[PDB]
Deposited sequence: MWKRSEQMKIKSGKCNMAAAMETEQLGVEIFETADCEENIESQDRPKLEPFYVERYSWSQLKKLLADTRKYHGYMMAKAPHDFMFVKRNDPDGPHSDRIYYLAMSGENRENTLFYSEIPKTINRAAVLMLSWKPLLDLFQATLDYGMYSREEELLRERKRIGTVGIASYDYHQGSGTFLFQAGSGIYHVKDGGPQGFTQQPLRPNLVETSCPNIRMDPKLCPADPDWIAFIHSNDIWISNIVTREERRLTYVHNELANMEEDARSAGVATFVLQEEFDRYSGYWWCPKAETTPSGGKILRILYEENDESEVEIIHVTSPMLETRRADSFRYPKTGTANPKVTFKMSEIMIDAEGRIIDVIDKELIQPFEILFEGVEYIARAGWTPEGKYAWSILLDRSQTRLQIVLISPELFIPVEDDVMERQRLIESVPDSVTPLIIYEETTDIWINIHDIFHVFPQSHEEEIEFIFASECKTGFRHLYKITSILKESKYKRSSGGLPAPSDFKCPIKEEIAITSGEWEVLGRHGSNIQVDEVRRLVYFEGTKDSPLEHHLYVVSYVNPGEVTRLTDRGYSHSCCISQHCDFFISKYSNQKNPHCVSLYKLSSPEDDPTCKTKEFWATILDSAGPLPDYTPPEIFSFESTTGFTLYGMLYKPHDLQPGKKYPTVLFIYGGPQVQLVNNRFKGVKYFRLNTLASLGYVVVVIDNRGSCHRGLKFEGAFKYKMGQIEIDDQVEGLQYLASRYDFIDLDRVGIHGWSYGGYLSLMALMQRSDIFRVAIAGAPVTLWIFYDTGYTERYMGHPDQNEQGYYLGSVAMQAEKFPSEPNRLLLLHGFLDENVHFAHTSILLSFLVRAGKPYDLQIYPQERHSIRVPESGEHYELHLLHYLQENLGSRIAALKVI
């Protein structure tokens, strides 16, 4: 077996090769249709049953905007119907990321650039046949308005954030009122570190929560003829949180001081504000919710009788679903005389209600699944929730909880015990089960059909390489019925009326498609669900000829799990020759790289590496996503210690199976946790790995945030050895004494993994007498430079003939 050497291109020739083969900019295709919504026409004489609204990007150099399409009552089943995209909005006098809608009025609300706009379609006023003009919500606010939301109780009112405070605005009367006076934009960021209605850094970055306020969905009527609207909101104080060059709670240090507040808004009979009463909790947040760090999720019950909240402790091993009555809130009064009367006036029976609680030795994984049924009995609440805590796989559970009067009484003048607010669980039926998970993140949710008493959900039952749509009953659970076709992975939106679903689907060979599917039952059994192809929304471009996709492989690991991987064979594969191998890696939690999805957009350059004569390998090691909580928990307290074993094991599996892998010329490369592991690979296994290109590596776990690090590694005092061994900066001495094996890539203004990680690693590498190569990216045309430098670095120090002579 002779070694294959890649063609030694010049820097200009590589720049040319990259530019000629490039087809997407910023690793981004035009946004496929998303954020679907079905509205019924209700026109017996007309040809259409529904109108669907959705956000999409019409072309490559185009802005994301609202379109609609017509769903016909019948179809020509010999033909294939391609639904035409009708633009909902007219061109402006600036792209839309999301939108709101109020079923009963037709009112859309959305932000596009600086403006907040609205239109009407599909309410009482009917359905347009031409693009509507977006109506600007006018303002006297100087700065950009963020996070607009329609009030579901009254579609004339909206709320939004401006300079970290909550405002409301009427789109008909033009009235505009500030609700919170927590932040003062004249005062500096060190003194005034408070905010209302806004999720702080860790909650956005690590818990995927981007909003901090929620409208009450119903309006309390007043005797006068007017009403009371309500906004539940989070209020954060970040004074004690560490500063960096904004507020970044690094692991071990303080998180924000948080609480719930409520804004009570009296409107008169003609939509004019009478008064605004800002209301705080009756007792402090620390007393009523013992041991809670993070407000993970929040909202209201369907009838708006209670506010709900999913709450976590600092260790992220205890979740609590807690109902909060509006009566727990009293007006803010710095006068202690009036305040004391308000505390005593609120009943003792009015108390927080912990309707659910769960624990784990691994960690809680927050998701977006939580459905509350209409309240039939006064002293019971019925909901569906998902959890990994019973069986180690995320499954749906229907839970009924009893709303007891609490044993703790506030009149006694003491503090409540740890479990005085715990509601008894009457019932707890398992809706799904097995060695597979329900998906509750990244758009995956559930659609509950309350009529037929079913629940649609996404899951990994057929395969961990494919997401599929399933349906099952929630009263008499049993037969789980797959609705999506095997051989693709699916991301699905189900109509609110539960008679259609859309699926965005792909596999390794075929690009993304979006298609509409009609749902129906057989006449003999309404429980049984079948689907029929109705129409195409987005048609695939087809298997483009210049991308050769990889093969999914697997191997039985000595760890006792099947580990999956991807293999890009070199193009023009020569007989009796061995090729240099690049291992692309991420390897951290909450990500799966290996599945039956199209990888020719984001990872197109793994194919480009294969075209030059590199074997490219990717392996989902233990800790990675979609394999259950036990598989994920493998590296608890042990980050860095187990990942490379699985990579090396999978690499040796391929070497014995394929003679064309040259194990003497193996490189490794990743970004973020991938960069971290690329450093760990060269440190621990320099026998295996010739070169490591670490992009934006975590080098020091004490420099990363609370929400992420503490979930997987705990508090630093309780894991002194894990933090030391897991931090590559502390082990600089263990890097190679050869140069041309280590390359560090990092941006200067990266606010996720700070440059500090790279610079402190550089600091200790220099003190340890070790060589490194470095590229920096200070503050479009630089993804070009990165790709260029990477090909050149691999060529010069791994792939080419010159590289072998260099050692």
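Missing C-alpha stretches, by deposited numbering? Several regions go unmodelled: 1 to 47, 141 to 163, 316 to 328, 863 to 869, 898.
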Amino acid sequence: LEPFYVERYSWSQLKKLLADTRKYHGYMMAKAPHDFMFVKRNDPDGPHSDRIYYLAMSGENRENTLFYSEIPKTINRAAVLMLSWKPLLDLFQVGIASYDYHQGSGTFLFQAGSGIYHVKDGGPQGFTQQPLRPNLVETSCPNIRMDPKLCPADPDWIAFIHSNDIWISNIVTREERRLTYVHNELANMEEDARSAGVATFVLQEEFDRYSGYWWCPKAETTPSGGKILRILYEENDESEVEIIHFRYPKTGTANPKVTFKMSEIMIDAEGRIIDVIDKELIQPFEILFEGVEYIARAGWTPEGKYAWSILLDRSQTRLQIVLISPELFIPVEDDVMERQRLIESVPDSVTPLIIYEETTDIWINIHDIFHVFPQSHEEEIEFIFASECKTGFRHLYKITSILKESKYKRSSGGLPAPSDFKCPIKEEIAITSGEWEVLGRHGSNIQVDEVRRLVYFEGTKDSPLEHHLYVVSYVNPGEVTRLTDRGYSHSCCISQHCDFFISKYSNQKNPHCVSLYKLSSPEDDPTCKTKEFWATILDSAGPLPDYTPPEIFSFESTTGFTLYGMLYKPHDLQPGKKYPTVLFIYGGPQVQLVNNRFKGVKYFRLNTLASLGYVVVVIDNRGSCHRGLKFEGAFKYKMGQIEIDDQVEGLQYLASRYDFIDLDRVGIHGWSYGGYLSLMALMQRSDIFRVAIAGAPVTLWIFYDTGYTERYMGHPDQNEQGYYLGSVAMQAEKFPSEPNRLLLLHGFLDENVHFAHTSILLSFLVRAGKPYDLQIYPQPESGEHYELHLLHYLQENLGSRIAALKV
From here on, numbers count along this sequence of modelled residues.
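We call the rigid core the largest set of C-alpha positions that still match within 1.5 Å between the two forms.
Could you tell me which of the two stretches, 522 to 530 or 194 to 202, has its Cα atoms lying farther from the shown structure in 9 other deposited structures of this protein after fitting on the rigid core? More C-alpha displacement in 9 other deposited structures of this protein shows up in 522 to 530.
Which segment is farther from the shown form on average in 9 other deposited structures of this protein after a rigid core fit, 120 to 128 or 388 to 396, going by CA atoms? Farther on average in 9 other deposited structures of this protein: 120 to 128.
For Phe92, does the count of other compared entries lacking it reach at least a third? That residue is missing from at least a third of the other compared entries.
Look at the other compared PDB entries that model both sides of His25, then say whether a third or more of them leave it out. Yes: coordinates for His25 absent from at least a third of the compared entries.
Can you let me know which of the two, 636 to 644 or 521 to 529, has the higher average C-alpha B-factor in the entry? Comparing 636 to 644 with 521 to 529, the higher mean C-alpha B-factor belongs to 521 to 529.
Please compare 699 to 707 with 470 to 478 and name the stretch with the higher mean C-alpha B-factor in the deposited structure. It is 470 to 478 that shows the higher mean C-alpha B-factor.
Which of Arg627, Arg314, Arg145, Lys227 ranks first by CA B-factor in the deposited coordinates: In the PDB entry, the greatest C-alpha B-factor among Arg627, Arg314, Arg145, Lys227 is found at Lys227.
Residue with maximal Cα B-factor (values as given in the PDB entry) among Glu405, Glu437, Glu205, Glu138: Going by the entry's C-alpha B-factors, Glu405 comes out highest.
Going by the recorded CA B-factors, say which third of the chain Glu270 sits in, lowest, middle or highest. Within its chain, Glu270 is a highest-third residue by C-alpha B-factor, going by the deposited values.
Thinking about Cα B factors across the chain, which third does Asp43 belong to? Its C-alpha B-factor, which the entry lists for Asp43, ranks in the highest third among residues of this chain.
Ranking every modelled residue in this chain by its Cα temperature factor as given in the entry, which third contains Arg741? Within its chain, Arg741 is a middle-third residue by C-alpha B-factor, going by the deposited values.
Taking the values exactly as deposited, rank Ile310 by C-alpha B-factor within its chain and report the matching third: lowest, middle or highest. Its C-alpha B-factor belongs to the lowest third of this chain's values.
Could you say whether, by C-alpha temperature factor, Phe748 belongs to the lowest, middle or highest third of its chain? Answer is highest: the recorded C-alpha B-factor places it there.
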